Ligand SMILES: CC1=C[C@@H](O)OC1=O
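One chain comes next, on its own, written out as structure tokens in the form solved without the named molecule.
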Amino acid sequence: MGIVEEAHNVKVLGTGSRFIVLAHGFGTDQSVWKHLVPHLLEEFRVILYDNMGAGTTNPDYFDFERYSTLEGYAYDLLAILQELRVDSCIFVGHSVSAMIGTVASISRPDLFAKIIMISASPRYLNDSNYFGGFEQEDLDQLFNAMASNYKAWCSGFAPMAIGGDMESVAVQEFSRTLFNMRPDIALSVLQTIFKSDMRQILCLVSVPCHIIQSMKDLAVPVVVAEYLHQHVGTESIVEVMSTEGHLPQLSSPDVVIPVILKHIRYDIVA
């Protein structure tokens, strides 16, 4: 394998000519896509990869300076696309990966035919002019709990992030991938995400964006989907689903996979 391919656990599955890239969010890995991948293998070559810092990656590769902003993750994405010789792709970004792909597409819009965002937000912190869902005190509480007992935090946080039954298979899976991260890496990354502010780059986006989220998402109020739709600088469309949870492609695939497939297969009018 190539050096980038190996470092990110890259897989290229399927036999189609066109490319689709599936990019996961915090606390999980490329297995979050397991219910979607089987539906894509004839139409596409499906590119899966893990973000640096996920529990499936080598913690020795986690450069704290490199990843102190989302730009470091966007470089990694562009490096993968370059090594794999992608001409263009549909990019499906979950949670923070929606903004990572957005940043990458501003540097190389030719590589992105469309961006599909799942559970995305350009900013979590409130202020008197913008509702993202969180106050600084909420973050301080979260980070204090993470740092004081990481194992206990994973078990309490997973059911909140996934939503629904606390004993579900999806809660099981997510609690395990959370706890497979090195605690200092997880803490550092979650701080970086929570304090991010991508609002000012949305107007520069030049690739069509499909904005999908659960109607009940603990980290993404529905008004954020409308905010993305308003401020993205080219055509976009919003679909709020009748689901609960931040990883709905994992916890409610019977509802969510058809929605993603629809946005993969149909385009927004120019």
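One rule holds for the numbers: they count along the sequence shown, beginning at 1.
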property	result
Which of 118 to 126 and 142 to 150 has higher mean CA B factor, as the PDB entry lists it	142 to 150
Selected stretch [higher average CA B-factor]: 62 to 70 or 223 to 231	62 to 70
Member of 166, 98, 78, 190 with the greatest C-alpha B factor (per the PDB record)	166
Top Cα B factor in the deposited entry, candidates 238, 218, 37, 202	218
Where the record places residue 155 (Cα B-factor, split into thirds across the chain)	highest
Residue 108, C-alpha B-factor rank within chain (lowest, middle or highest third)	middle
Third of the chain, ranked by Cα B-factor, where residue 41 sits	highest
Third of the chain, ranked by Cα B-factor, where residue 264 sits	lowest
Residue 88 - which third its CA temperature factor falls in, relative to the rest of the chain	middle
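Just so it is clear, the following notes concern the form deposited with the named molecule bound, a form of the same protein that is not shown.
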{"item": "Check all three, 26, 124 and 246, heavy atom within 4.5 Å of the named molecule in the entry with it bound", "value": "yes"}
{"item": "Heavy atom contact within 4.5 Å of the named molecule in the entry with it bound, the stretch among 87 to 95, 125 to 133, 148 to 156, 73 to 81", "value": "87 to 95"}
{"item": "Heavy atom within 4.5 Å of the named molecule in the entry with it bound - residue from 185, 193, 106, 111", "value": "193"}
{"item": "Any residue of 141 to 174 that, in the entry with it bound, places a heavy atom within 4.5 Å of the named molecule", "value": "none"}
